[PDB]
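Pasted below: coords_8.pdb, PDB, C-alpha atoms.
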```pdb
MODEL        1
ATOM      1  CA  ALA A  38     -65.932 -18.953 -61.758
ATOM      2  CA  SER A  39     -62.256 -19.821 -61.276
ATOM      3  CA  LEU A  40     -58.752 -18.694 -62.196
ATOM      4  CA  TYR A  41     -55.362 -20.256 -62.638
ATOM      5  CA  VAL A  42     -52.590 -18.057 -61.227
ATOM      6  CA  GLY A  43     -49.059 -18.960 -62.299
ATOM      7  CA  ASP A  44     -45.537 -17.582 -61.835
ATOM      8  CA  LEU A  45     -45.592 -17.622 -58.043
ATOM      9  CA  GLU A  46     -43.060 -18.175 -55.273
ATOM     10  CA  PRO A  47     -43.519 -20.998 -52.707
ATOM     11  CA  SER A  48     -43.320 -18.333 -49.969
ATOM     12  CA  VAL A  49     -46.340 -16.575 -51.513
ATOM     13  CA  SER A  50     -49.231 -17.703 -49.312
ATOM     14  CA  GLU A  51     -52.922 -17.501 -50.206
ATOM     15  CA  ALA A  52     -53.208 -14.138 -48.420
ATOM     16  CA  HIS A  53     -51.111 -12.367 -51.078
ATOM     17  CA  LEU A  54     -53.421 -13.640 -53.820
ATOM     18  CA  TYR A  55     -56.353 -12.681 -51.603
ATOM     19  CA  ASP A  56     -55.026  -9.129 -51.268
ATOM     20  CA  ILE A  57     -54.622  -8.986 -55.053
ATOM     21  CA  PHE A  58     -57.809 -10.680 -56.277
ATOM     22  CA  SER A  59     -60.439  -9.794 -53.665
ATOM     23  CA  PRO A  60     -60.160  -6.141 -54.833
ATOM     24  CA  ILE A  61     -61.124  -7.577 -58.244
ATOM     25  CA  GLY A  62     -64.226  -9.358 -57.004
ATOM     26  CA  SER A  63     -65.731 -11.994 -54.741
ATOM     27  CA  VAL A  64     -63.060 -14.610 -54.084
ATOM     28  CA  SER A  65     -64.835 -17.895 -53.424
ATOM     29  CA  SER A  66     -61.679 -19.858 -52.555
ATOM     30  CA  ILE A  67     -57.902 -20.021 -53.055
ATOM     31  CA  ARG A  68     -55.614 -23.069 -53.138
ATOM     32  CA  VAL A  69     -51.845 -23.050 -53.697
ATOM     33  CA  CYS A  70     -50.577 -26.290 -55.187
ATOM     34  CA  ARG A  71     -47.921 -28.350 -53.426
ATOM     35  CA  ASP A  72     -46.274 -31.712 -53.943
ATOM     36  CA  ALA A  73     -47.847 -34.655 -52.135
ATOM     37  CA  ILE A  74     -44.482 -35.841 -50.748
ATOM     38  CA  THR A  75     -42.137 -32.873 -50.248
ATOM     39  CA  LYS A  76     -44.926 -30.612 -48.879
ATOM     40  CA  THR A  77     -43.279 -27.896 -50.974
ATOM     41  CA  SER A  78     -45.308 -25.594 -53.220
ATOM     42  CA  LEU A  79     -45.180 -25.981 -56.993
ATOM     43  CA  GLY A  80     -45.041 -22.293 -57.928
ATOM     44  CA  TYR A  81     -48.678 -21.751 -58.938
ATOM     45  CA  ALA A  82     -52.193 -21.676 -57.528
ATOM     46  CA  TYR A  83     -55.910 -21.422 -58.244
ATOM     47  CA  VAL A  84     -58.529 -18.910 -57.151
ATOM     48  CA  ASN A  85     -62.076 -20.159 -57.572
ATOM     49  CA  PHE A  86     -64.577 -17.363 -58.222
ATOM     50  CA  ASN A  87     -68.348 -17.564 -58.691
ATOM     51  CA  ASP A  88     -69.198 -14.853 -61.267
ATOM     52  CA  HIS A  89     -67.941 -14.391 -64.826
ATOM     53  CA  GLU A  90     -67.539 -10.604 -64.494
ATOM     54  CA  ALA A  91     -64.940 -10.825 -61.715
ATOM     55  CA  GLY A  92     -63.137 -13.560 -63.653
ATOM     56  CA  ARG A  93     -62.923 -11.425 -66.803
TER      57      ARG A  93
ATOM     58  CA  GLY B 281     -26.716 -60.575 -36.699
ATOM     59  CA  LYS B 282     -28.318 -57.195 -37.364
ATOM     60  CA  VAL B 283     -31.667 -57.120 -39.168
ATOM     61  CA  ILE B 284     -30.116 -54.313 -41.160
ATOM     62  CA  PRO B 285     -27.730 -56.026 -43.596
ATOM     63  CA  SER B 286     -24.316 -54.816 -44.678
ATOM     64  CA  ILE B 287     -25.304 -53.253 -48.003
ATOM     65  CA  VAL B 288     -27.613 -50.402 -46.978
ATOM     66  CA  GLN B 289     -27.655 -47.046 -48.810
ATOM     67  CA  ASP B 290     -24.171 -46.822 -50.379
ATOM     68  CA  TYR B 291     -22.546 -48.333 -47.260
ATOM     69  CA  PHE B 292     -21.646 -51.814 -46.105
ATOM     70  CA  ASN B 293     -19.945 -53.909 -43.395
ATOM     71  CA  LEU B 294     -21.916 -52.175 -40.636
ATOM     72  CA  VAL B 295     -20.259 -53.097 -37.351
ATOM     73  CA  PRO B 296     -21.305 -51.287 -34.175
ATOM     74  CA  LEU B 297     -19.665 -49.519 -31.266
ATOM     75  CA  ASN B 298     -20.611 -49.243 -27.575
ATOM     76  CA  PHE B 299     -24.254 -49.175 -26.523
ATOM     77  CA  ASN B 300     -26.582 -46.162 -26.946
ATOM     78  CA  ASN B 301     -24.482 -44.311 -29.568
ATOM     79  CA  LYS B 307     -27.154 -50.968 -28.133
ATOM     80  CA  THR B 308     -26.428 -49.110 -31.359
ATOM     81  CA  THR B 309     -26.424 -45.706 -33.172
ATOM     82  CA  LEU B 310     -22.631 -45.858 -33.267
ATOM     83  CA  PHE B 311     -21.631 -47.841 -36.354
ATOM     84  CA  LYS B 312     -18.135 -48.337 -37.735
ATOM     85  CA  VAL B 313     -18.646 -48.571 -41.500
ATOM     86  CA  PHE B 314     -16.259 -49.037 -44.393
ATOM     87  CA  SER B 315     -17.552 -46.975 -47.281
ATOM     88  CA  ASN B 316     -18.656 -47.982 -50.774
ATOM     89  CA  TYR B 317     -18.461 -44.628 -52.552
ATOM     90  CA  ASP B 318     -15.416 -43.351 -50.668
ATOM     91  CA  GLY B 319     -13.718 -46.378 -49.132
ATOM     92  CA  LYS B 320     -13.243 -44.763 -45.746
ATOM     93  CA  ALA B 321     -14.030 -45.603 -42.124
ATOM     94  CA  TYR B 322     -17.115 -43.650 -41.037
ATOM     95  CA  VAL B 323     -19.359 -43.477 -37.990
ATOM     96  CA  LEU B 324     -23.131 -43.761 -38.320
ATOM     97  CA  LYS B 325     -25.899 -42.858 -35.899
ATOM     98  CA  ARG B 326     -29.379 -44.313 -36.259
ATOM     99  CA  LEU B 327     -31.857 -41.965 -34.606
ATOM    100  CA  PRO B 328     -33.975 -45.130 -34.319
ATOM    101  CA  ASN B 329     -36.983 -43.471 -32.779
ATOM    102  CA  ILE B 330     -38.351 -40.751 -35.037
ATOM    103  CA  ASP B 331     -40.290 -41.776 -38.111
ATOM    104  CA  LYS B 332     -41.630 -38.558 -39.688
ATOM    105  CA  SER B 333     -39.600 -36.224 -41.929
ATOM    106  CA  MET B 334     -42.496 -34.935 -44.057
ATOM    107  CA  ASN B 335     -40.587 -32.062 -45.674
ATOM    108  CA  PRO B 336     -37.440 -32.781 -47.697
ATOM    109  CA  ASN B 337     -37.341 -28.967 -47.893
TER     110      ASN B 337
ENDMDL
END
```
What does this structure look like when you write it as structure tokens?
Amino acid sequence: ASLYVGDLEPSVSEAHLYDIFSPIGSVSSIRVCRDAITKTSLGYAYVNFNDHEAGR
Amino acid sequence: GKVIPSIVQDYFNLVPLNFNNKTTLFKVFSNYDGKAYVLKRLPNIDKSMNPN
């Protein structure tokens, strides 16, 4: 139903995680975390799923 | 008479030069160094959203 994805580079966009995790299952959404001031990514992200099987 | 005072951001005694870099050309004696420097304002932009 979701996933945390850590150990990422700030140049890794959401499309890299999409090319990894959409072969796993139905990606509902992806968001890469940034700082609210620097507009620089924080090295991790989140991929919301919808099913438990694709999450496992 | 500048609305900017002397002591701004590790520098002081801000006195200007000729108009249009009627400012953005400031003679400044330094606090951290103690050395005559020039400053330019860029007094028109206001957005620098990425410190990156």
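Using all atoms listed in the file, the part of chain A that sits within 7 Å of chain B is made up of residues 75, 76 and 77 of chain A.
The space between CA of residue 80 in chain A and CA of residue 43 in chain A spans 6.8 Å.
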Picked residues, the PyMOL selection byres ((chain B and resi 317) around 12), expected as a PyMOL selection string: chain B and resi 287+289-292+313-316+318-322
With 6 Å of padding per side, what axis-aligned box (centre and edge lengths, Å, one decimal) covers all the listed atoms of range 45-61 of chain A? Give it as AutoDock Vina command-line options.
```
--center_x -52.1 --center_y -13.6 --center_z -53.3 --size_x 30.1 --size_y 26.9 --size_z 21.8
```
Name the residues in contact with residue 55 in chain A at a cut-off of 8 Å, using only C-alpha atoms, excluding same-chain residues fewer than 4 positions from it; report them as a PyMOL selection string. chain A and resi 51+59+64+67
Given the PyMOL selection byres ((chain B and resi 311) around 9), the residues it picks as number ranges by chain: B: 294-298, 301, 308-310, 312-313, 322-326
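Taking only C-alpha atoms, the non-local environment of range 38-42 of chain A within 7 Å (same-chain residues fewer than 5 positions away omitted) comprises residues 81, 82, 83, 84, 85, 86, 87, 88, 89 and 92 of chain A.
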Pull out every residue that the PyMOL selection byres ((chain A and resi 70) around 7) matches in the shown coordinates and put them as a ChimeraX atom specification. /A:68-69,71,78-79,81-82
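Proximity of A:49, A:61, A:54, A:74 to residue 93 in chain A, computed with only C-alpha atoms, is greatest for A:61.
Between CA of residue 63 in chain A and CA of residue 46 in chain A the separation is 23.5 Å.
We find CA of residue 47 in chain A and CA of residue 331 in chain B to be spaced 25.6 Å apart.
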